[PDB]
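Visitor: Shown below is the structure under consideration.
Backbone-built Cβ (ideal geometry, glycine too); neighbour counts: all protein chains shown. What is reported rests on the model, the rules as stated and the sources as named; no laboratory read-out is quoted.
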Amino acid sequence: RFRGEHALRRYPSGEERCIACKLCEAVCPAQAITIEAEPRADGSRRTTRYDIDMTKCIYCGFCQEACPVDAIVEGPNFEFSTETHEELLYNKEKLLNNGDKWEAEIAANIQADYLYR
Amino acid sequence: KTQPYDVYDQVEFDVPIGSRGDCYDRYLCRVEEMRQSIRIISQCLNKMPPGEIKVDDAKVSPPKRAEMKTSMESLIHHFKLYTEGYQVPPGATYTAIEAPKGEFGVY
Amino acid sequence: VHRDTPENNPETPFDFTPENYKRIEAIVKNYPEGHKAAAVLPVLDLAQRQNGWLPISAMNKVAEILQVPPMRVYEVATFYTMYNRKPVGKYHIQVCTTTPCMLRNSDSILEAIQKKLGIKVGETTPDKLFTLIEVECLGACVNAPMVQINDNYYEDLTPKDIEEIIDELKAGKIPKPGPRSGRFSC
Amino acid sequence: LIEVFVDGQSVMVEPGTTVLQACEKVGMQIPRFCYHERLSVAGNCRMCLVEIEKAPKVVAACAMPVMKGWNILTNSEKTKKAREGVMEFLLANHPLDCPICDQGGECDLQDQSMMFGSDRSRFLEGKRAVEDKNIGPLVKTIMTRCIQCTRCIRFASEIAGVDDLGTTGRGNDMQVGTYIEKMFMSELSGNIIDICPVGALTXXXXXXXXXXXXXXXXXXXXXXXXXXXXXXXX
Amino acid sequence: XXXXXXXXXXXXXXXXXXXXXXXXXXXXXXXXXXXXXXXXXXXXXXXXXXXXXXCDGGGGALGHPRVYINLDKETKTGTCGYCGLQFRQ
Amino acid sequence: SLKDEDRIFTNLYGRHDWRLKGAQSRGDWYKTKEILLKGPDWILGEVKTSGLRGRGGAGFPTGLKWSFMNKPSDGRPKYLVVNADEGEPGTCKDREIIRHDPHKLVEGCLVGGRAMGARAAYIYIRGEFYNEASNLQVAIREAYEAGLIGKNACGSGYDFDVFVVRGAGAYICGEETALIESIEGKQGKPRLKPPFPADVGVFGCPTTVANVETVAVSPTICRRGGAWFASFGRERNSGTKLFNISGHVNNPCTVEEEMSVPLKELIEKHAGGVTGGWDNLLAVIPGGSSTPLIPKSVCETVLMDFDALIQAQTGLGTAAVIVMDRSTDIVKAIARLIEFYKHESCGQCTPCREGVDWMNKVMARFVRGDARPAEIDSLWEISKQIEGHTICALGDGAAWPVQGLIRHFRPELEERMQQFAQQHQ
Amino acid sequence: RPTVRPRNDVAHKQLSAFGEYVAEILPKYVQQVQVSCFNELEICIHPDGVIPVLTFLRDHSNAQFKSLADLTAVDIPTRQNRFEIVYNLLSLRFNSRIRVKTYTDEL
Ligand SMILES: Cc1cc2nc3c(=O)[nH]c(=O)nc-3n(C[C@H](O)[C@H](O)[C@H](O)COP(=O)(O)O)c2cc1C
Ligand code: SF4
Ligand code: SF4
Ligand code: SF4
Ligand code: SF4
Ligand code: SF4
Ligand code: FES
Ligand code: FES
Ligand SMILES: [Zn+2]
């Protein structure tokens, strides 16, 4: 269990695991995470705006803890270096969804997380 | 020794006190604190009762992750201990626990 | 199912009694003259006796005669257990399974009836003749087994006597009260 | 007017005043589910149970009036044992929607568990689910989230005019729906979503758009439709 | 699906005649792989035996609070609040 | 001081031969003109002086309940209410008081008509018992047309009309508040009991709720002497009540017996299964469905009277024997009693709709044996809670028998859990 | 209670003696309001004389405080008088914590 760069996880059979609650929004002590939600096509209601600032965020794992569906899981990350603030602050999911390269490690790390240690 | 915080006086403590108020004797006591600190850590390893990690009352601390997913009241309290705070009793309180630098007099 | 109602082939077509229409109007006069909603509880029982399987549109027509709310009158028959919900046969019988009857074997009477008259327990006959349903209490608990068919309740029956009464009921009515012993004291 | 002391402090009340109405004068709010503002007084929950100074059984605040000079305690030993119990009964058959649910902080039942109900544990196994009721334009109704009370039932009968909501079953299967497949009329029935305490009836136009947490409220009179004043906009 | 140059992901618009988007020109813009929720419908619906069924992701290990789903209507299968998985009978 | 069983004394004796005129020869409407000529205050005093307890499953006295209304000044016209439908399972009073002798039940409404001061009398019968309901309707046609009750009959100024209505067959006939709502036309749900009883407001009128056996005793108490009704029984509770035995027995039969009678003597006369209390294990309940099952040790000391039954475990209110043999299952039997309340729950008070349905689901696990040994003690706290925080008396009726599992027993429940713990796990 | 209660009241009556002792002097110049809750003592002081209150508790035969260590201030716009300067005092010889407050608007 180590906290680095944020990445949101998904279910084994497709589907975005984040349900849009604004739960992690209010717990966030830096107010780095922003969420505005709209209905997805028909029936399902899962996110639209999802920005996490790296200009902010003091790294707590609070958003990992407050999440009932376990969407934001903190992966073992170190590599992050940019030329601008714009390149540094995370956009509407997308780059957070691009955490698939770290989601293989996250799935292994969460197996040591259920029933804590 | 005077004011216990969380299970004190039960653990054996040694406090170094010098004689002269110079920088050298004020340095010696800090090293004497360090040699007489492992005694506490060893006694912490000796005395460990297995049980609860958080407060069982779910108006202060959020419940377990396996617990919240099944039962109802757990997740509603999880929803309200996050976002909304604690709902604290009103009153002014002062606490000071020994810092190695001095004190953290939170008011 | 209790809340949901089907819209296919049982939602628009409904018929009301014409010969018993004069008798239904007299039943409303039995209660209070001004503000009479008591007739809706009486007409709901009269509709099931006259026409088999009450329709959703038929309840709305019955509510219009007494002049009441269509949603409130539909909810009034939902709480009742005696009124038919979906479909009923020519002679529908309900078996008692409560503890005053279960103490002297009640499940044995239901299991023997299930094999003799076919089907499991909840499912009715495909030819529409006899329908089985679990009942809370028949009313009269004087006899150890109790089963109410159509209107008259048949009490006190053996393992072979219950099967003999059921097969005979297919062509001619079997009457009966407690055909096993004295009615009052034995 | 007859005066009767509630929590030792004396408060003057009318002869036909309710127990919860008398509690408002002493500046104390009892746990509610069936309204006291405009909706008709009805039981059918037994949450607002209060214990008198000398009584074997607790009486409901909505139904029972004060009448005679009798002492009633809000923070009594019997009342706290009651309030924690009734909350557990309400949540034994509750579908668990809290993160997905349209309400969250605005939900009255959500606050009462935190304030009154038992926190440490809730004994429950296997909860029944109800099928989704038909609704037209406003309020995307979910029958599962509903606690089965009498608030919206009387709202259609008295406040709105046209009656639709009622009872459908007997046990833990009775739905608050219309039973017959028909869309709800407009007129003034759009306010039914705001009336319900649970996250069962909530506006479909602004569903899951914003939670009760993090929303700045401001009061302003509505421009559309005359004689409209005081409407909070988030 | 992609409009002109930029690809849409999880319902997003690129630019109206190129005015807002200018930063994503030298550097390539991000895109989530299979964000159209095609994998949600790809999963086969499971048959139910009881009137109400409980849903779970994978026990207490995977984050899924227990929700009971009712099956009464024949048309349109019922799905849980967290999953896109549908149940029949 | 000791009470003897019956001994040529019964409230209703005719059951074999009765129609309309045949009942009249065997004590029926003997002092019909005498009671009608007497004042309302003097007629109500006759029931109070005798001290007759309520026949219905409540425990409230019949003398105080009838005098509770009184009617000093009335705006809206008063109406009389009577319940005849079967409420609690194991009771045979529904198909005996109206089915066997319909003339006695119709005379009860006329005797209480002038006493209470009601314009019209109403009776509610069970929907499942259609044959018994037909006998009551036939008696009304033989009374109104001939000249027994209606407008001016037997030298009376006060007018009373009898009308019978078919019921749904649920909790609507159960509670006193429920009968007023069911007869009005609304859905089967009881009104709020704390602020207004039957006397203050019932179907837009001052009314009174009465049992089928309670109403039938009123003309018998009026025609005969006041001391005759108070002769059999105890000092606190007096009056003969119909007791029915159902379940594990040599011959199941309903018979009228005197108050304050031992359980061993009553079971021996009707003949039970194996033994009265020596060979077969005692699991008999004093009530129909309300009261929990009596222990094997204390059974001979227990009396039929409500005042004596309250001293041990719980008081008998419905007065019906539900005996179970040693071979028959105890765990499965009581679980079925709670399952009755699962179907007969109306759907109002939240610790009952989502209470009893929660209670039955836990109780079904005890039959299988998947329940934990710790879960027995936890269930006792919930069962006690439902008794207090409910509007109607059916909430209490589901609460009491579950309390009789933790009390008296407990090793019987623990053995079922221990058996599945080793075999399956 | 086992986990629900932090500490039972035993020294509360002992600390209440200080709530009487300083109040036995009874100055309108000094005393005013004395509040005692959760093993702690709180005193608010009239603006006219703050120095004479601080010379007291310093030295003194009955109680020796000496250290007038930590000093806070409260901003509150509810009252007609705005600010509330709060003194947190600690004793080394006596081992007790007492509070000194000011009630004035102090603009
Ligand atoms: C579960 C239950 C079922 C009952 N069923 C009936 C019934 O069917 N008929 C009846 O007259 N009383 C019944 N009672 C008794 C009622 O409380 C009754 O309305 C009244 O209070 C008793 O007074 P009475 O003897 O004058 O009717 C029942 C009570 C309970 C707890
Ligand atoms: S990350 Fe978790 S808590 Fe935050 S909105 Fe998504 S599902 Fe809700
Ligand atoms: S780690 Fe902390 S600061 Fe960063 S997004 Fe999560 S809650 Fe906010
Ligand atoms: S109704 Fe209230 S308590 Fe229930 S899931 Fe919705 S927000 Fe949570
Ligand atoms: S929808 Fe809301 S107001 Fe209506 S019955 Fe259910 S909980 Fe009560
Ligand atoms: S206790 Fe149960 S049956 Fe009685 S009124 Fe309340 S919900 Fe209905
Ligand atoms: S809140 Fe008073 S009865 Fe429901
Ligand atoms: S309990 Fe079976 S007939 Fe009454
Ligand atoms: Zn799911």
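Visitor: Just checking: which of the strands (runs of 3 or more DSSP E) contained wholly in the stretch E:44-89 hold 2 or more residues that are more than 16 Å from ligand 2 (Cβ to nearest atom) and closer than 21 Å to B:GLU73 by Cα?
Guide: Because the criterion is at least 2 residues that are more than 16 Å from ligand 2 (Cβ to nearest atom) and closer than 21 Å to B:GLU73 by Cα, the strands (runs of 3 or more DSSP E) in the stretch E:44-89 that meet it are E:52-55, E:67-70.
Visitor: For the stretch F:304-325, give me each residue that is in contact (Cβ under 8 Å) with a residue 40 or more places away in the chain, more than 12 Å from every other protein chain (Cβ to nearest Cβ) and more than 20 Å from F:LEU52 (Cα to Cα).
Guide: Those that are in contact (Cβ under 8 Å) with a residue 40 or more places away in the chain, more than 12 Å from every other protein chain (Cβ to nearest Cβ) and more than 20 Å from F:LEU52 (Cα to Cα): F:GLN313, F:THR314.
Visitor: Which of the residues spanning the stretch A:1-54 are among the acidic types (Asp, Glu) and within 12 Å of chain E (Cβ to nearest Cβ)? Before you say what the answer is, go through the steps one by one.
Guide: Step one: of the stretch A:1-54, the residues among the acidic types (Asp, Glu) are A:5, A:15-16, A:25, A:36, A:38, A:42, A:51, A:53.
Selection gives A:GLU15, A:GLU16, A:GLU38, A:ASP42.
Visitor: Would you confirm whether or not the stretch C:174-184 contains a residue that is closer than 20 Å to C:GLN48 by Cβ, touching a residue at least 24 places away in the same chain (Cβ under 8 Å), charged (D, E, K, R) and touching a strand residue (DSSP E or B) at 6+ places or on another chain (Cβ under 8 Å)? Before you say what the answer is, go through the steps one by one.
Guide: The first filter runs over the stretch C:174-184 and keeps only residues closer than 20 Å to C:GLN48 by Cβ, leaving none.
No: the stretch C:174-184 contains no residue that is closer than 20 Å to C:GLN48 by Cβ, touching a residue at least 24 places away in the same chain (Cβ under 8 Å), charged (D, E, K, R) and touching a strand residue (DSSP E or B) at 6+ places or on another chain (Cβ under 8 Å).
Visitor: D:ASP132 - would you say it is surrounded by fewer than 21 Cβ atoms within 10 Å (Cβ to Cβ), part of a loop (DSSP other than H, G, I, E, B), within 12 Å of chain C (Cβ to nearest Cβ) and touching a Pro at 6+ places or on another chain (Cβ under 7 Å)? Lay out the reasoning, then the answer.
Guide: Numbers: surrounded by fewer than 21 Cβ atoms within 10 Å (Cβ to Cβ): yes; part of a loop (DSSP other than H, G, I, E, B): yes; within 12 Å of chain C (Cβ to nearest Cβ): yes; touching a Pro at 6+ places or on another chain (Cβ under 7 Å): no.
No.
Visitor: For the stretch D:183-224, enumerate the residues that are loosely packed, with under 13 Cβ neighbours inside 10 Å and within 12 Å of another protein chain (Cβ to nearest Cβ).
Guide: D:UNK205, D:UNK206 - these are the residues of the stretch D:183-224 that are loosely packed, with under 13 Cβ neighbours inside 10 Å and within 12 Å of another protein chain (Cβ to nearest Cβ).
Visitor: Which of the following residues is free of Cβ contacts under 8 Å to residues at least 12 places away in the same chain, closer than 22 Å to A:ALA37 by Cβ and either away from ligand 9 (no atom under 16 Å from the Cβ) or out of contact with any helix residue (DSSP H, G or I) (no Cβ under 9 Å at 6 or more places or on another chain) (or both): E:UNK10, E:UNK14?
Guide: So the residue among E:UNK10, E:UNK14 that is free of Cβ contacts under 8 Å to residues at least 12 places away in the same chain, closer than 22 Å to A:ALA37 by Cβ and either away from ligand 9 (no atom under 16 Å from the Cβ) or out of contact with any helix residue (DSSP H, G or I) (no Cβ under 9 Å at 6 or more places or on another chain) (or both) is E:UNK14.
Visitor: Another one. Inside the stretch D:110-129, can you point out the residues that are in contact (Cβ under 8 Å) with a residue 40 or more places away in the chain and either assigned to a loop (DSSP other than H, G, I, E, B) or within 14 Å of chain E (Cβ to nearest Cβ) (or both)?
Guide: Residues satisfying the conditions are D:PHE116, D:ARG128.
Visitor: Now for a different question. So if I check each of D:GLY171, D:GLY199, D:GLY177, which one is in contact with an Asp or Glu (Cβ under 6 Å, 6 or more places away or on another chain), within 13 Å of ligand 5 (Cβ to nearest atom) and at negative phi? Please lay out each step first, then the result.
Guide: On the way: D:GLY171 fails: within 13 Å of ligand 5 (Cβ to nearest atom); D:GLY177 fails: in contact with an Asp or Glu (Cβ under 6 Å, 6 or more places away or on another chain).
Answer to the check: D:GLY199.
Visitor: Given (1) over 11 Å from the mean Cα position of the chain (by Cα); (2) facing another protein chain (nearest Cβ under 7 Å), where does A:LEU88 come up short, assuming only one miss?
Guide: Tallying (1) over 11 Å from the mean Cα position of the chain (by Cα); (2) facing another protein chain (nearest Cβ under 7 Å), A:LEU88 fails exactly one: (2).
Visitor: I've got another one for you. As an exercise: evaluate B:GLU67 against (1) in a helix (DSSP H, G or I); (2) of a type in the set (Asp, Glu); (3) in contact (Cβ under 8 Å) with a residue 12 or more places away in the chain and give the number of the one condition it does not meet.
Guide: For B:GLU67, the exception is condition (3).
Visitor: Which residue out of F:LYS21, F:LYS33, F:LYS71 is touching a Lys or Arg at 6+ places or on another chain (Cβ under 7 Å), farther than 24 Å from F:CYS92 by Cα and exposed (fewer than 15 other Cβ atoms within 10 Å of the Cβ)? Before the answer, list the steps.
Guide: Working: F:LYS21 fails: touching a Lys or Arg at 6+ places or on another chain (Cβ under 7 Å); F:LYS33 fails: touching a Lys or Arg at 6+ places or on another chain (Cβ under 7 Å).
Result: F:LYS71 is the single residue among F:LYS21, F:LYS33, F:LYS71 that is touching a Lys or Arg at 6+ places or on another chain (Cβ under 7 Å), farther than 24 Å from F:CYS92 by Cα and exposed (fewer than 15 other Cβ atoms within 10 Å of the Cβ).
Visitor: Go through C:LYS86, C:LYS116, C:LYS120, C:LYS90 for me and flag whichever is exposed (fewer than 15 other Cβ atoms within 10 Å of the Cβ), touching a residue at least 12 places away in the same chain (Cβ under 8 Å) and in contact with a helix residue (DSSP H, G or I) (Cβ under 8 Å, 6 or more places away or on another chain).
Guide: Checking each option against the conditions leaves just C:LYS116.
Visitor: Sort out which residues of the stretch D:154-168 are farther than 29 Å from E:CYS55 by Cβ, surrounded by 23 or more Cβ atoms within 10 Å (Cβ to Cβ) and either in contact with an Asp or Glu (Cβ under 7 Å, 6 or more places away or on another chain) or of a type in the set (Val, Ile, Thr) (or both), and write them in order of number.
Guide: D:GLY166, the sole residue that qualifies.
Visitor: Is it the case, given these coordinates, that C:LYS61 is among the basic types (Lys, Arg), away from every other protein chain (no Cβ under 12 Å) and outside any loop (DSSP other than H, G, I, E, B)? Outline the logic, then answer.
Guide: Values: among the basic types (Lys, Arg): yes; away from every other protein chain (no Cβ under 12 Å): yes; outside any loop (DSSP other than H, G, I, E, B): yes.
It is true that C:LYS61 is among the basic types (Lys, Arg), away from every other protein chain (no Cβ under 12 Å) and outside any loop (DSSP other than H, G, I, E, B).
Visitor: Another one. Considering only the stretch D:43-69, state which residues are within 7 Å of another protein chain (Cβ to nearest Cβ), among the hydrophobic types (A, V, I, L, M, F, W, C) and away from ligand 4 (no atom under 16 Å from the Cβ).
Guide: Matches in the stretch D:43-69: D:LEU49, D:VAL58, D:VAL59, D:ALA60, D:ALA63, D:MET64.
Visitor: Looking only at the stretch A:4-15, decide whether some residue is in contact with a helix residue (DSSP H, G or I) (Cβ under 8 Å, 6 or more places away or on another chain), within 20 Å of B:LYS69 (Cα to Cα) and within 11 Å of ligand 2 (Cβ to nearest atom).
Guide: yes
Visitor: Would you confirm whether any residue within the stretch E:32-47 is away from ligand 3 (no atom under 16 Å from the Cβ) and over 28 Å from E:UNK9 (Cα atoms)?
Guide: Here is the first cut: in the stretch E:32-47, the ones away from ligand 3 (no atom under 16 Å from the Cβ) are E:32-47.
In the following step, the residues that additionally are over 28 Å from E:UNK9 (Cα atoms) were identified as E:46-47.
So far as the stretch E:32-47 goes, yes, one or more of its residues are away from ligand 3 (no atom under 16 Å from the Cβ) and over 28 Å from E:UNK9 (Cα atoms).
Residue-by-condition table, conditions (1) surrounded by fewer than 24 Cβ atoms within 10 Å (Cβ to Cβ); (2) more than 16 Å from ligand 4 (Cβ to nearest atom); (3) assigned by CATH to the domain that holds F:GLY247; (4) of a type outside the set (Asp, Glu):
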site: F:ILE294; (1), (2), (3), (4): no, yes, yes, yes
site: F:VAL302; (1), (2), (3), (4): yes, yes, yes, yes
site: F:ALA308; (1), (2), (3), (4): yes, yes, yes, yes
site: F:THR314; (1), (2), (3), (4): yes, yes, yes, yes
site: F:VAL356; (1), (2), (3), (4): no, yes, no, yes
site: F:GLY369; (1), (2), (3), (4): yes, yes, no, yes
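Visitor: Taking the stated definitions as given, is D:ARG145 in a helix (DSSP H, G or I), away from ligand 8 (no atom under 16 Å from the Cβ) and buried (at least 17 other Cβ atoms within 10 Å of the Cβ)? Before the answer, list the steps.
Guide: Numbers: in a helix (DSSP H, G or I): no; away from ligand 8 (no atom under 16 Å from the Cβ): yes; buried (at least 17 other Cβ atoms within 10 Å of the Cβ): yes.
Criteria not met by D:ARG145.
Visitor: Follow-up question, since we're still on this one. Name the residues in the stretch F:182-192 that are more than 8 Å from every other protein chain (Cβ to nearest Cβ) and more than 19 Å from the chain's Cα centre (by Cα), would you? Break it down into steps so the answer makes sense when it comes.
Guide: Restricting attention to the stretch F:182-192, the residues satisfying the condition of being more than 8 Å from every other protein chain (Cβ to nearest Cβ) are F:190-191.
Residue satisfying the conditions is F:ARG191 alone.
Visitor: So, in the stretch D:57-109, of the ones that are of a type outside the set (D, E, K, R) and assigned to a helix (DSSP H, G or I), which residue ends up nearest to the chain's Cα centre (by Cα)? Step through it out loud before you land on a result.
Guide: Within the stretch D:57-109, the first condition is being of a type outside the set (D, E, K, R), and the residues that meet it are D:58-67, D:69-76, D:79, D:82, D:85-87, D:89-96, D:98-101, D:103-105, D:107, D:109.
Now restrict to residues that are assigned to a helix (DSSP H, G or I): D:79, D:82, D:85-87, D:89-90, D:109.
On the way: D:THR79: 19, D:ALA82: 17, D:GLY85: 17, D:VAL86: 14, D:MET87: 13, D:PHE89: 15, D:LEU90: 12, D:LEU109: 8 Å.
Selected residue: D:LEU109.
Visitor: Do any strands (runs of 3 or more DSSP E) lying entirely in the stretch F:155-266 carry at least 2 residues that are over 24 Å from F:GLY108 (Cβ atoms), within 16 Å of ligand 7 (Cβ to nearest atom) and not aliphatic (A, V, I, L, M), and which ones are they?
Guide: Details: elements: F:161-166, F:207-211, F:241-245, F:254-257.
Output list is empty.
Visitor: Then there's this: Based on this model, can you work out whether F:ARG26 counts as more than 16 Å from ligand 5 (Cβ to nearest atom), under 21 Å from the mean Cα position of the chain (by Cα) and within 29 Å of F:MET304 (Cα to Cα)? Give the steps one after another, and end with the answer.
Guide: On the way: more than 16 Å from ligand 5 (Cβ to nearest atom): yes; under 21 Å from the mean Cα position of the chain (by Cα): no; within 29 Å of F:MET304 (Cα to Cα): yes.
Here the answer is no, as F:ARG26 does not meet what is asked.
Visitor: State the number of residues belonging to the stretch F:323-350 that are assigned to a loop (DSSP other than H, G, I, E, B) and within 14 Å of F:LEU405 (Cβ to Cβ).
Guide: Filtering the stretch F:323-350 for residues assigned to a loop (DSSP other than H, G, I, E, B) gives F:323-330, F:344-349.
Among the residues that remain, those that are also within 14 Å of F:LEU405 (Cβ to Cβ) are: F:324, F:329-330.
Adding up the residues that qualify gives 3.
Visitor: Next question. Could you please tell me which pairs satisfy a Cβ distance under 7 Å, a separation of 6+ or placement on different chains, a first residue in the stretch F:384-397 that is at the interface with chain D (Cβ under 8 Å from one of its Cβ atoms) and over 11 Å from F:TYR171 (Cβ atoms), and a second residue that is among the acidic types (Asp, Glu) and in a helix (DSSP H, G or I)?
Guide: Pairs that qualify, where the first residue is at the interface with chain D (Cβ under 8 Å from one of its Cβ atoms) and over 11 Å from F:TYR171 (Cβ atoms) and the partner is among the acidic types (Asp, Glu) and in a helix (DSSP H, G or I), are F:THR390/F:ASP396.
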